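Student: Sharing a structure, written as structure tokens. Questions coming.
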Amino acid sequence: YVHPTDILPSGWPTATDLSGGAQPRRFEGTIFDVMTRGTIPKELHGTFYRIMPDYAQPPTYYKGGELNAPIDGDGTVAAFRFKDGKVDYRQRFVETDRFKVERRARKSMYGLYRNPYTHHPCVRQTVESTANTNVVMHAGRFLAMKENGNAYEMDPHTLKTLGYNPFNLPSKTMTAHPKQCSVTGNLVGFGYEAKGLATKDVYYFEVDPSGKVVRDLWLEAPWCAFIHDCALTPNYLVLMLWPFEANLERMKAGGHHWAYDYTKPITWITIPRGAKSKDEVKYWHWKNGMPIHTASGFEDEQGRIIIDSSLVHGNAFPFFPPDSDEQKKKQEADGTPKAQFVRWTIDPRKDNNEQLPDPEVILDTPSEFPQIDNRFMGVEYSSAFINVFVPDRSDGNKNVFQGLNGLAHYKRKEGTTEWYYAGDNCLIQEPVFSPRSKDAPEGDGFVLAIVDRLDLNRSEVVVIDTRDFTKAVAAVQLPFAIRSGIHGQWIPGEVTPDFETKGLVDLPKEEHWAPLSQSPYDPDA
Ligand SMILES: O=Cc1ccc(O)cc1
Ligand SMILES: [Fe+2]
């Protein structure tokens with residue numbers, strides 16, 4: 001059986017997200033009082049903000065959109081607000097310069113990921129960010145982020161776009177991975193390609209709790225590398241260089257911004273916090289591989305930098321292949337690479353010209369999207385909440401982003417791992433943590449994540465109490481599916497302006513439309 005209407009032609013290209021899911025969603029709006037199962041913890045007081053790629057227009061501009069990447073599509077924010085056991089939902093597109101152009105034209109006008117040479121001539125000198133990667137609340141300002149531009153600011157309640165570059169950063173770019181220091185309250189980050197397309201320049205910054213840049217430095221990367229993520233320690237910002245190189249000539253020729261390079265080692269840039277000179281910066285190297293995301297970093301008793309990350313032993317983004325024919329064949333040969341969770345040791349006192357020691361295998365399982373207890377951000381931490389391929393319960397032939405069917409709670413101090421299984425015909429997305437109370441022990445509280453109910457065509461928010469990591473306490477049940485996203489964040493009420501007075505949904509007026517006389521009911525009848 002084939003449905004007769006199903007053979008009617010579509011104009012849409014295949015627009016994947018990171019999961020490999022290819023269904024456009026693109027809805028903007030609200031559900032008041034989202035259906036829940038079980039008991040929503042009363043301790044939840046805040047918003048789960050999630051961001052997703054969801055091409056608003058069919059991306060047909062360049063090569064009919066055949067080379068669209070899962071990381072490409074227009075940023076849409078989903079908000080799940082938890083107040084007094086009740087859940088509200090809002091979804092809205094980031095009103096990026098790109099989004100607004102495409103909507104107004106009813107037409108795709110942008111080409112390849114980070115390639116202005118493949119955009120429509122009229123839009124080449126625009127901010128080309130889809131603001132689709134990560135969110136942050138800092139100094140009462142809510143930001144949607146993507147590494148190829150400054151953030152766009154959004155209202156935390158309506159999700160209305162308010163402007164571009166709220167902190168007025170001098171770089172062309174800002175990381176989608178800044179870290180909120182638990183010591184200073186500073187927004188610590190960077191922007192690479194800080195001076196334009198294929199530039200080696202890196203700008204480091206620290207934005208204080210009052211929204212002022214208090215520390216900065218202009219530096220360079222050893223090559224124009226893909227510096228997606230970083231680690232924050234007491235004394236350092238540690239940049240993590242993926243083995244991809246940008247090439248302006250290739251871009252001009254209508255090739256991809258990035259090419260994977262087997263000859264490049266995993267490289268780290270150590271930046272002393274509040275460094276007075278670029279002379280203080282050191283480059284460290286290991287071997288070829290792709291460490292996608294950090295859990296976090298710290299300094300041990302010996303003063304050594306300790307960073308946990310995912311590690312893929314090859315290209316986790318095969319849609320950005322190598323330049324050379326030889327290297328292309330290597331990618332094909334690698335297939336689905338080995339994927340682990342690993343521990344790095346960078347001793348800042350050692351010779352940085354000497355190759356770093358091999359990382360320690362922490363989990364011999366495909367691992368992605370780690371988060372921590374952010375009360376321990378930029379200090380010694382123990383808890384990691386990791387998006388996992390569940391041992392003996394998962395594929396493993398899948399690309400690292402495409403088989404994530406569980407959660408792991410790792411504790412360094414205890415040396416224990418606990419496992420949550422998403423369900424049969426289910427995927428689960430990045431976990432976020434909310435502490436039981438302000439003074440609760442590290443990693444004691446609630447874990448939230450988006451579950452794709454694949455055979456149901458619905459998305460859910462699972463709620464797990466850390467006292468029993470194997471079991472859900474609650475589910476937030478959407479009537480539909482949303483896109484499989486990238487990052488999300490737990491944002492507490494206390495850091496959100498006007499959380500006490502504003503919901504996700506604007507309340508209707510109190511006053512009745514109808515006069516008293518219009519009632520069917522008479523109290524005398
Ligand atoms: O998760 C990886 C990622 C990399 C670059 C992007 O622009 C977005 C996401
Ligand atoms: Fe990321």
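Starting from 1 in every chain, residues are counted up; chains themselves are A, B, ... following the order of the structure tokens, and ligands are numbered from 1 as listed.
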Within 7 Å of ligand 1, counting only C-alpha atoms and all ligand atoms: which residues, as a list in words?

Tutor: residues 71, 72, 132, 133, 146, 147, 228 and 486 of chain A

Student: Write the residues of the preceding selection, restricted to C-alpha atoms, as an mmCIF file, in the first residue's frame.

Tutor:
data_model
loop_
_atom_site.group_PDB
_atom_site.id
_atom_site.type_symbol
_atom_site.label_atom_id
_atom_site.label_comp_id
_atom_site.auth_asym_id
_atom_site.auth_seq_id
_atom_site.Cartn_x
_atom_site.Cartn_y
_atom_site.Cartn_z
ATOM 1 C CA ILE A 71 24.089 22.385 11.399
ATOM 2 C CA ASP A 72 22.759 24.903 8.796
ATOM 3 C CA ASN A 132 20.917 27.904 15.946
ATOM 4 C CA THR A 133 23.536 26.358 18.276
ATOM 5 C CA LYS A 146 26.192 30.563 16.516
ATOM 6 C CA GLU A 147 29.989 30.707 16.099
ATOM 7 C CA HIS A 228 33.722 24.944 18.431
ATOM 8 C CA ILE A 486 21.698 21.050 19.229
#

Student: Using only C-alpha atoms, find each residue of region 191-248 of chain A with at least one atom at most 10 Å away from an atom of region 376-397 of chain A; report its shortest atom-to-atom pair and that distance in Å (one decimal), sort the rows by chain and rising residue number, and return the result as CSV.

Tutor:
residue,atom,partner,partner_atom,distance
A:231,CA,A:378,CA,7.8
A:232,CA,A:378,CA,4.7
A:233,CA,A:378,CA,4.3
A:234,CA,A:378,CA,5.6
A:235,CA,A:378,CA,8.7
A:236,CA,A:378,CA,8.8
A:237,CA,A:378,CA,9.1

Student: What residues have any atom no more than 8 Å from ligand 2 when counting only C-alpha atoms and all ligand atoms, and can you list them as a PDB file with C-alpha atoms, in the first residue's frame?

Tutor:
ATOM      1  CA  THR A 133      23.536  26.358  18.276  1.00  0.00           C
ATOM      2  CA  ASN A 134      23.178  27.365  21.973  1.00  0.00           C
ATOM      3  CA  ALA A 176      28.235  29.364  21.024  1.00  0.00           C
ATOM      4  CA  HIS A 177      30.153  27.795  23.937  1.00  0.00           C
ATOM      5  CA  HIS A 228      33.722  24.944  18.431  1.00  0.00           C
ATOM      6  CA  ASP A 229      34.123  24.380  22.199  1.00  0.00           C
ATOM      7  CA  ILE A 292      33.334  17.377  19.858  1.00  0.00           C
ATOM      8  CA  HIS A 293      32.272  18.741  23.276  1.00  0.00           C
ATOM      9  CA  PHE A 369      26.383  16.501  24.438  1.00  0.00           C
ATOM     10  CA  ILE A 486      21.698  21.050  19.229  1.00  0.00           C
ATOM     11  CA  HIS A 487      22.066  22.588  22.725  1.00  0.00           C
TER      12      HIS A 487
END

Student: At most 12 Å is the cut-off: for each residue in region 199-276 of chain A with any atom that close to an atom of region 60-68 of chain A, write down the nearest atom pair and the distance in Å rounded to one decimal, counting only C-alpha atoms, chain first then increasing number, as a tab-separated table.

Tutor:
residue	atom	partner	partner_atom	distance
A:254	CA	A:62	CA	9.5
A:255	CA	A:67	CA	10.0
A:256	CA	A:67	CA	9.0

Student: Could you pull out the helix (DSSP H, G or I) residues of region 225-471 of chain A, going by DSSP on the backbone, and write them as number ranges by chain?

Tutor: A: 248-252, 278-280, 325-334, 374-376, 466-468

Student: Find, counting only C-alpha atoms, the residue in A:492, A:503, A:508, A:11 that gets nearest to residue 47 (chain A).

Tutor: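 The answer is A:492, which sits nearest to residue 47 (chain A).
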
Student: Closest to residue 295 (chain A) among A:423, A:370, A:38, A:29, using only C-alpha atoms?

Tutor: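 Counting only C-alpha atoms, the residue closest to residue 295 (chain A) is A:370.
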
Student: Between A:126, A:327, A:23, A:267, which residue has the minimum interatomic distance to residue 458 (chain A), considering only C-alpha atoms?

Tutor: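 Among the listed residues, A:23 lies closest to residue 458 (chain A).
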
Student: Using only C-alpha atoms, which residues sit within 6 Å of residue 286 (chain A) once same-chain residues fewer than 6 positions away are excluded, as an MDAnalysis selection string?

Tutor: chainID A and resid 265:266 355:356

Student: Considering only strand (DSSP E) as DSSP defines it on the backbone, what residues of region 176-417 of chain A qualify? List them as a short mmCIF file (atom, residue, chain, number, x, y, z; two decimals) with N, CA, C and O atoms, in the first residue's frame.

Tutor:
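Ended up saving to part_0.cif:
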data_model
loop_
_atom_site.label_atom_id
_atom_site.label_comp_id
_atom_site.auth_asym_id
_atom_site.auth_seq_id
_atom_site.Cartn_x
_atom_site.Cartn_y
_atom_site.Cartn_z
N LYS A 179 31.32 30.10 28.84
CA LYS A 179 31.19 29.42 30.13
C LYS A 179 30.96 30.48 31.20
O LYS A 179 31.72 31.45 31.27
N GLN A 180 29.92 30.24 32.01
CA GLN A 180 29.58 31.10 33.14
C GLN A 180 30.31 30.60 34.38
O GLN A 180 29.92 29.60 34.96
N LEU A 187 30.88 35.74 32.08
CA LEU A 187 30.72 35.06 30.79
C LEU A 187 32.09 35.05 30.10
O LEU A 187 32.58 36.10 29.63
N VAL A 188 32.69 33.86 30.09
CA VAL A 188 34.05 33.65 29.60
C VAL A 188 33.92 32.94 28.26
O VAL A 188 33.36 31.84 28.18
N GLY A 189 34.51 33.58 27.24
CA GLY A 189 34.53 33.00 25.91
C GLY A 189 35.49 33.69 24.97
O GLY A 189 36.45 34.38 25.37
N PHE A 190 35.21 33.45 23.69
CA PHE A 190 36.07 33.79 22.58
C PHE A 190 35.22 33.95 21.32
O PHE A 190 34.05 33.57 21.29
N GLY A 191 35.87 34.49 20.27
CA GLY A 191 35.43 34.40 18.89
C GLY A 191 36.64 34.13 18.02
O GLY A 191 37.63 34.86 18.13
N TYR A 192 36.58 33.06 17.22
CA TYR A 192 37.58 32.78 16.19
C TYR A 192 37.05 33.30 14.85
O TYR A 192 35.87 33.62 14.72
N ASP A 201 42.72 35.06 13.54
CA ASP A 201 42.51 35.87 14.73
C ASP A 201 41.46 35.23 15.64
O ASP A 201 40.46 34.67 15.17
N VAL A 202 41.79 35.27 16.93
CA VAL A 202 40.94 34.85 18.04
C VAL A 202 40.90 36.01 19.04
O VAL A 202 41.95 36.53 19.43
N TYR A 203 39.67 36.41 19.43
CA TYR A 203 39.41 37.36 20.50
C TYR A 203 38.89 36.59 21.72
O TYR A 203 37.86 35.94 21.62
N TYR A 204 39.63 36.67 22.83
CA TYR A 204 39.20 36.22 24.15
C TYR A 204 38.50 37.37 24.89
O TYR A 204 38.94 38.51 24.76
N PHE A 205 37.46 37.05 25.70
CA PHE A 205 36.75 38.05 26.50
C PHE A 205 36.25 37.44 27.81
O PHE A 205 36.02 36.23 27.89
N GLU A 206 36.01 38.31 28.79
CA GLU A 206 35.24 38.00 29.99
C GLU A 206 34.27 39.16 30.23
O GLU A 206 34.72 40.29 30.43
N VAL A 207 32.97 38.83 30.17
CA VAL A 207 31.88 39.77 30.41
C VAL A 207 31.41 39.55 31.86
O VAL A 207 30.93 38.47 32.18
N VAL A 213 32.72 44.18 29.57
CA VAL A 213 33.93 43.44 29.21
C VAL A 213 35.03 43.91 30.16
O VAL A 213 35.43 45.08 30.10
N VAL A 214 35.52 42.99 31.01
CA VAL A 214 36.46 43.29 32.09
C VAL A 214 37.86 42.75 31.78
O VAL A 214 38.85 43.22 32.35
N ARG A 215 37.92 41.69 30.95
CA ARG A 215 39.15 41.06 30.50
C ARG A 215 38.98 40.72 29.03
O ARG A 215 37.90 40.29 28.62
N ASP A 216 40.05 40.97 28.26
CA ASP A 216 40.13 40.57 26.86
C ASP A 216 41.58 40.41 26.40
O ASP A 216 42.50 40.87 27.07
N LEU A 217 41.74 39.83 25.20
CA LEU A 217 43.00 39.62 24.49
C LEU A 217 42.73 39.28 23.03
O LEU A 217 41.85 38.47 22.74
N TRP A 218 43.51 39.92 22.14
CA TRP A 218 43.68 39.52 20.75
C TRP A 218 44.88 38.58 20.61
O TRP A 218 45.96 38.87 21.13
N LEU A 219 44.61 37.42 19.98
CA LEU A 219 45.56 36.32 19.77
C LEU A 219 45.34 35.70 18.39
O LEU A 219 44.52 36.21 17.61
N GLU A 220 46.07 34.62 18.08
CA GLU A 220 45.87 33.83 16.86
C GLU A 220 45.91 32.34 17.15
O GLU A 220 46.56 31.90 18.09
N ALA A 225 41.36 27.12 12.28
CA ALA A 225 40.80 25.88 12.80
C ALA A 225 39.36 26.09 13.27
O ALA A 225 38.97 27.22 13.56
N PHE A 226 38.62 24.97 13.35
CA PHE A 226 37.25 24.92 13.84
C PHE A 226 37.29 24.79 15.36
O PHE A 226 37.44 23.69 15.88
N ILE A 227 37.16 25.95 16.04
CA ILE A 227 37.25 26.04 17.49
C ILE A 227 35.82 26.17 18.03
O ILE A 227 35.35 27.27 18.37
N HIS A 228 35.13 25.02 18.07
CA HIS A 228 33.72 24.94 18.43
C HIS A 228 33.49 25.18 19.93
O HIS A 228 32.59 25.95 20.31
N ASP A 229 34.29 24.48 20.76
CA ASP A 229 34.12 24.38 22.20
C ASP A 229 35.46 24.67 22.90
O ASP A 229 36.49 24.87 22.26
N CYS A 230 35.38 24.73 24.24
CA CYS A 230 36.42 25.21 25.15
C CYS A 230 36.19 24.64 26.55
O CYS A 230 35.17 23.99 26.81
N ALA A 231 37.16 24.87 27.45
CA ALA A 231 37.05 24.51 28.86
C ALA A 231 37.54 25.65 29.75
O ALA A 231 38.54 26.33 29.43
N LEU A 232 36.78 25.87 30.82
CA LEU A 232 37.04 26.89 31.82
C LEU A 232 37.55 26.22 33.10
O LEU A 232 36.92 25.28 33.59
N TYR A 236 42.56 29.54 33.55
CA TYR A 236 42.66 29.36 32.10
C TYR A 236 41.29 29.30 31.42
O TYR A 236 40.33 28.75 31.98
N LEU A 237 41.26 29.87 30.20
CA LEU A 237 40.37 29.45 29.13
C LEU A 237 41.17 28.58 28.17
O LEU A 237 42.22 29.01 27.67
N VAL A 238 40.66 27.35 27.95
CA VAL A 238 41.34 26.35 27.13
C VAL A 238 40.48 26.14 25.88
O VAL A 238 39.41 25.53 25.98
N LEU A 239 41.00 26.57 24.71
CA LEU A 239 40.37 26.41 23.40
C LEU A 239 40.71 25.04 22.82
O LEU A 239 41.87 24.63 22.91
N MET A 240 39.71 24.42 22.18
CA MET A 240 39.79 23.06 21.64
C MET A 240 39.64 23.13 20.11
O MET A 240 38.56 23.41 19.60
N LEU A 241 40.74 22.84 19.41
CA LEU A 241 40.84 22.93 17.95
C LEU A 241 40.54 21.57 17.31
O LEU A 241 41.28 20.60 17.53
N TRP A 242 39.44 21.53 16.54
CA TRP A 242 39.14 20.41 15.66
C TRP A 242 40.06 20.39 14.44
O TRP A 242 40.40 21.47 13.95
N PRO A 243 40.46 19.21 13.88
CA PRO A 243 41.32 19.14 12.69
C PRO A 243 40.58 19.39 11.37
O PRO A 243 40.51 18.52 10.49
N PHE A 244 40.00 20.61 11.26
CA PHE A 244 39.46 21.18 10.03
C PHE A 244 40.19 22.50 9.80
O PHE A 244 40.53 23.19 10.77
N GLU A 245 40.43 22.80 8.52
CA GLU A 245 41.07 24.02 8.05
C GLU A 245 40.13 24.76 7.10
O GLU A 245 39.49 24.11 6.26
N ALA A 246 40.05 26.09 7.28
CA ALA A 246 39.35 26.98 6.35
C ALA A 246 40.33 27.50 5.31
O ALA A 246 41.50 27.77 5.63
N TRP A 258 34.97 24.47 5.56
CA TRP A 258 35.86 23.55 6.26
C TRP A 258 36.18 22.34 5.39
O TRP A 258 35.31 21.81 4.70
N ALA A 259 37.43 21.88 5.51
CA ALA A 259 37.82 20.53 5.12
C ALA A 259 38.54 19.86 6.27
O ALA A 259 39.46 20.47 6.84
N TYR A 260 38.11 18.62 6.60
CA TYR A 260 38.78 17.74 7.56
C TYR A 260 40.18 17.44 7.05
O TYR A 260 40.37 17.24 5.85
N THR A 267 44.50 20.11 18.76
CA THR A 267 45.32 21.20 19.28
C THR A 267 44.51 21.95 20.34
O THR A 267 43.28 22.03 20.23
N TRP A 268 45.22 22.40 21.39
CA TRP A 268 44.67 23.17 22.50
C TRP A 268 45.42 24.49 22.61
O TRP A 268 46.65 24.48 22.50
N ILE A 269 44.67 25.60 22.81
CA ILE A 269 45.20 26.93 23.12
C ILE A 269 44.87 27.22 24.59
O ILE A 269 43.70 27.36 24.93
N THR A 270 45.91 27.32 25.43
CA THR A 270 45.78 27.74 26.83
C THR A 270 45.94 29.26 26.88
O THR A 270 46.93 29.79 26.38
N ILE A 271 44.89 29.94 27.37
CA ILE A 271 44.86 31.38 27.57
C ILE A 271 44.80 31.63 29.09
O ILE A 271 43.73 31.38 29.67
N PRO A 272 45.89 32.13 29.75
CA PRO A 272 45.80 32.62 31.13
C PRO A 272 44.74 33.71 31.26
O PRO A 272 44.72 34.62 30.44
N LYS A 282 49.78 29.50 24.99
CA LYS A 282 50.51 28.31 24.55
C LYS A 282 49.63 27.36 23.74
O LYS A 282 48.45 27.17 24.05
N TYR A 283 50.26 26.78 22.71
CA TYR A 283 49.68 25.76 21.84
C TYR A 283 50.19 24.38 22.26
O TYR A 283 51.38 24.17 22.36
N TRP A 284 49.25 23.43 22.39
CA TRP A 284 49.49 22.06 22.83
C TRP A 284 48.90 21.12 21.78
O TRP A 284 47.85 21.46 21.24
N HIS A 285 49.51 19.95 21.52
CA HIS A 285 48.97 19.05 20.51
C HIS A 285 48.99 17.58 20.95
O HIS A 285 49.86 17.18 21.73
N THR A 294 33.38 19.36 25.33
CA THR A 294 33.87 19.24 26.70
C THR A 294 32.69 19.03 27.66
O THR A 294 31.62 19.63 27.46
N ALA A 295 32.91 18.22 28.71
CA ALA A 295 32.07 18.23 29.90
C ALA A 295 32.35 19.54 30.64
O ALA A 295 31.58 20.50 30.51
N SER A 296 33.50 19.60 31.30
CA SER A 296 34.14 20.82 31.78
C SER A 296 35.63 20.56 32.01
O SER A 296 36.14 19.49 31.64
N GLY A 297 36.29 21.55 32.62
CA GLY A 297 37.69 21.52 33.00
C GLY A 297 37.89 21.91 34.47
O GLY A 297 36.99 22.50 35.10
N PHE A 298 39.09 21.57 34.97
CA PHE A 298 39.58 22.02 36.28
C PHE A 298 41.11 21.98 36.35
O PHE A 298 41.76 21.47 35.44
N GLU A 299 41.64 22.53 37.45
CA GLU A 299 43.03 22.36 37.85
C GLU A 299 43.08 21.43 39.07
O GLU A 299 42.46 21.71 40.10
N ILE A 305 45.83 20.96 34.14
CA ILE A 305 44.52 21.14 33.49
C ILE A 305 43.98 19.74 33.15
O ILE A 305 44.63 18.96 32.44
N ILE A 306 42.77 19.46 33.67
CA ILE A 306 42.01 18.22 33.47
C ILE A 306 40.72 18.60 32.74
O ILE A 306 39.96 19.42 33.25
N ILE A 307 40.52 18.02 31.55
CA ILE A 307 39.38 18.24 30.66
C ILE A 307 38.85 16.86 30.24
O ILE A 307 39.61 16.05 29.69
N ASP A 308 37.55 16.63 30.46
CA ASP A 308 36.82 15.52 29.85
C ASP A 308 36.06 15.98 28.62
O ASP A 308 35.49 17.07 28.62
N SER A 309 36.09 15.13 27.59
CA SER A 309 35.42 15.38 26.32
C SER A 309 34.93 14.07 25.69
O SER A 309 35.43 12.99 26.04
N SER A 310 33.98 14.19 24.74
CA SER A 310 33.78 13.15 23.72
C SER A 310 35.04 13.05 22.86
O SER A 310 35.79 14.03 22.76
N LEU A 311 35.29 11.85 22.31
CA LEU A 311 36.35 11.62 21.33
C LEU A 311 35.87 10.64 20.27
O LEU A 311 35.63 9.46 20.57
N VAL A 312 35.78 11.17 19.05
CA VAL A 312 35.56 10.42 17.83
C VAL A 312 36.92 10.31 17.13
O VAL A 312 37.56 11.33 16.89
N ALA A 339 34.15 5.84 19.02
CA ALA A 339 33.61 6.97 19.77
C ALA A 339 33.55 6.63 21.26
O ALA A 339 32.94 5.64 21.66
N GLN A 340 34.23 7.49 22.05
CA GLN A 340 34.46 7.34 23.49
C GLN A 340 34.27 8.67 24.21
O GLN A 340 34.08 9.70 23.57
N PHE A 341 34.26 8.59 25.56
CA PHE A 341 34.38 9.71 26.48
C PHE A 341 35.72 9.57 27.19
O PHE A 341 36.04 8.49 27.69
N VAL A 342 36.50 10.67 27.18
CA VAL A 342 37.94 10.66 27.44
C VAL A 342 38.35 11.80 28.38
O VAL A 342 37.65 12.81 28.45
N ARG A 343 39.51 11.64 29.06
CA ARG A 343 40.11 12.59 29.98
C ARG A 343 41.50 13.00 29.50
O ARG A 343 42.39 12.14 29.40
N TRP A 344 41.66 14.32 29.31
CA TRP A 344 42.88 15.00 28.90
C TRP A 344 43.60 15.56 30.13
O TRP A 344 42.95 16.03 31.07
N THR A 345 44.94 15.50 30.09
CA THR A 345 45.85 16.13 31.05
C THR A 345 46.78 17.07 30.28
O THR A 345 47.57 16.61 29.46
N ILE A 346 46.65 18.37 30.59
CA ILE A 346 47.53 19.43 30.09
C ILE A 346 48.23 20.05 31.30
O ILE A 346 47.62 20.83 32.04
N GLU A 360 42.86 9.31 28.74
CA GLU A 360 42.28 8.18 29.45
C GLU A 360 40.85 7.95 28.95
O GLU A 360 40.06 8.90 28.95
N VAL A 361 40.56 6.69 28.61
CA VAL A 361 39.22 6.22 28.26
C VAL A 361 38.41 6.15 29.56
O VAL A 361 38.70 5.32 30.43
N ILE A 362 37.39 7.02 29.67
CA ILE A 362 36.46 7.11 30.80
C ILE A 362 35.25 6.21 30.55
O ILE A 362 34.92 5.40 31.42
N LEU A 363 34.60 6.37 29.38
CA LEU A 363 33.52 5.51 28.90
C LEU A 363 33.89 5.02 27.51
O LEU A 363 34.09 5.84 26.61
N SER A 367 29.46 8.74 23.01
CA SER A 367 29.14 9.75 24.01
C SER A 367 29.15 11.12 23.34
O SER A 367 30.04 11.39 22.53
N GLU A 368 28.14 11.92 23.65
CA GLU A 368 28.00 13.28 23.12
C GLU A 368 27.21 14.16 24.08
O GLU A 368 26.76 13.70 25.13
N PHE A 369 27.15 15.47 23.75
CA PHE A 369 26.38 16.50 24.44
C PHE A 369 26.51 16.38 25.98
O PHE A 369 25.47 16.26 26.64
N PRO A 370 27.73 16.37 26.60
CA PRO A 370 27.82 16.41 28.05
C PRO A 370 27.47 17.78 28.63
O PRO A 370 27.73 18.82 28.01
N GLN A 371 26.83 17.74 29.81
CA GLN A 371 26.65 18.90 30.69
C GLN A 371 27.08 18.51 32.10
O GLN A 371 27.27 17.32 32.41
N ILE A 372 27.28 19.54 32.94
CA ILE A 372 27.71 19.41 34.33
C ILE A 372 26.69 20.06 35.27
O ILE A 372 25.65 20.57 34.83
N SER A 383 30.34 15.41 38.69
CA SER A 383 29.16 14.98 37.92
C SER A 383 29.28 15.40 36.46
O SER A 383 29.59 16.57 36.16
N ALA A 384 29.06 14.43 35.55
CA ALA A 384 28.77 14.70 34.15
C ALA A 384 27.50 13.96 33.71
O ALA A 384 27.33 12.78 34.03
N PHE A 385 26.64 14.69 32.99
CA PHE A 385 25.42 14.19 32.37
C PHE A 385 25.65 14.10 30.86
O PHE A 385 25.86 15.12 30.22
N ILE A 386 25.67 12.87 30.34
CA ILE A 386 26.22 12.58 29.02
C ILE A 386 25.11 11.90 28.20
O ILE A 386 24.48 10.96 28.69
N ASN A 387 24.91 12.40 26.97
CA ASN A 387 24.06 11.79 25.94
C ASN A 387 24.84 10.61 25.35
O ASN A 387 25.99 10.79 24.92
N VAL A 388 24.24 9.40 25.38
CA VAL A 388 24.97 8.15 25.13
C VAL A 388 24.24 7.24 24.14
O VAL A 388 23.00 7.27 24.04
N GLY A 406 20.17 7.17 25.03
CA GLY A 406 20.24 7.20 26.48
C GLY A 406 21.04 8.35 27.08
O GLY A 406 21.58 9.20 26.36
N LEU A 407 21.07 8.29 28.41
CA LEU A 407 21.77 9.22 29.28
C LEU A 407 22.63 8.42 30.26
O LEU A 407 22.24 7.32 30.69
N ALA A 408 23.81 9.00 30.56
CA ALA A 408 24.72 8.55 31.60
C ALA A 408 24.94 9.66 32.62
O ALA A 408 25.11 10.84 32.27
N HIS A 409 24.85 9.27 33.90
CA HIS A 409 25.34 10.07 35.01
C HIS A 409 26.62 9.43 35.51
O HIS A 409 26.58 8.41 36.22
N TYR A 410 27.73 10.09 35.13
CA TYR A 410 29.08 9.77 35.57
C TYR A 410 29.43 10.66 36.76
O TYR A 410 29.16 11.86 36.73
N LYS A 411 30.05 10.04 37.78
CA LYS A 411 30.63 10.72 38.93
C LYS A 411 32.10 10.32 39.03
O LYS A 411 32.39 9.15 39.30
N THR A 416 31.53 6.02 39.48
CA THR A 416 30.30 5.30 39.16
C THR A 416 29.67 5.90 37.90
O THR A 416 29.80 7.11 37.66
N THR A 417 29.00 5.03 37.11
CA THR A 417 28.14 5.43 36.01
C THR A 417 26.76 4.77 36.16
O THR A 417 26.68 3.54 36.31
#

Student: Considering only C-alpha atoms, return as a list in words whatever protein or nucleic-acid residues lie within 10 Å of residue 506 (chain A), sequence-local ones (same chain, fewer than 6 positions apart) excluded.

Tutor: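 The filter keeps residues 30, 32, 157 and 158 of chain A.
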
Student: Can I get the selected residues back with N, CA, C and O atoms, as a PDB file, in the first residue's frame?

Tutor:
ATOM      1  N   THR A  30       2.485  28.657  20.791  1.00  0.00           N
ATOM      2  CA  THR A  30       2.382  28.362  22.222  1.00  0.00           C
ATOM      3  C   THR A  30       1.454  27.179  22.473  1.00  0.00           C
ATOM      4  O   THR A  30       0.529  26.943  21.683  1.00  0.00           O
ATOM      5  N   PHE A  32      -0.380  26.558  26.277  1.00  0.00           N
ATOM      6  CA  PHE A  32      -0.598  26.868  27.682  1.00  0.00           C
ATOM      7  C   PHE A  32      -1.010  25.580  28.389  1.00  0.00           C
ATOM      8  O   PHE A  32      -1.953  24.904  27.966  1.00  0.00           O
ATOM      9  N   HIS A 157      10.401  35.674  27.286  1.00  0.00           N
ATOM     10  CA  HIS A 157       9.005  35.288  27.508  1.00  0.00           C
ATOM     11  C   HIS A 157       8.251  35.155  26.183  1.00  0.00           C
ATOM     12  O   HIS A 157       7.584  34.138  25.968  1.00  0.00           O
ATOM     13  N   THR A 158       8.349  36.186  25.327  1.00  0.00           N
ATOM     14  CA  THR A 158       7.716  36.205  24.007  1.00  0.00           C
ATOM     15  C   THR A 158       8.616  35.565  22.944  1.00  0.00           C
ATOM     16  O   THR A 158       8.104  35.258  21.869  1.00  0.00           O
TER      17      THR A 158
END

Student: Figure out the distance between CA of residue 482 (chain A) and CA of residue 315 (chain A), please, to one decimal in Å.

Tutor: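 Value for the CA of residue 315 (chain A)-CA of residue 482 (chain A) distance: 27.1 Å.
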
Student: Can you tell me how far CA of residue 348 (chain A) sits from CA of residue 301 (chain A), in Å to one decimal?

Tutor: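 So the two atoms, CA of residue 348 (chain A) and CA of residue 301 (chain A), lie 13.1 Å apart.
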
Student: Counting only C-alpha atoms, figure out which residue out of A:24, A:185, A:321, A:121 gets nearest to residue 210 (chain A).

Tutor: A:185

Student: Contacts of residue 53 (chain A) at 10 Å or less, counting only C-alpha atoms, minus same-chain residues fewer than 2 places along, as a list in words?

Tutor: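 After dropping sequence-adjacent residues, the list is residues 15, 16, 17, 18, 24, 25, 26, 51, 55, 56, 69, 70, 71, 72, 73, 74, 75, 76, 77, 93, 130, 131, 132, 133, 483, 484, 485 and 486 of chain A.
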
Student: Quick one, how far is CA of residue 460 (chain A) from CA of residue 420 (chain A)?

Tutor: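 That distance, rounded to one decimal, is 15.1 Å.
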
Student: Name all residues at most 9 Å from residue 313 (chain A) (count only C-alpha atoms; drop same-chain ones fewer than 6 positions away) and give them as a PyMOL selection string.

Tutor: chain A and resi 288-291+334+337-340

Student: Of the candidates A:112, A:136, A:87, A:22, which one gets nearest to residue 319 (chain A) if we count only C-alpha atoms?

Tutor: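 Using only C-alpha atoms, the shortest distance to residue 319 (chain A) belongs to A:112.
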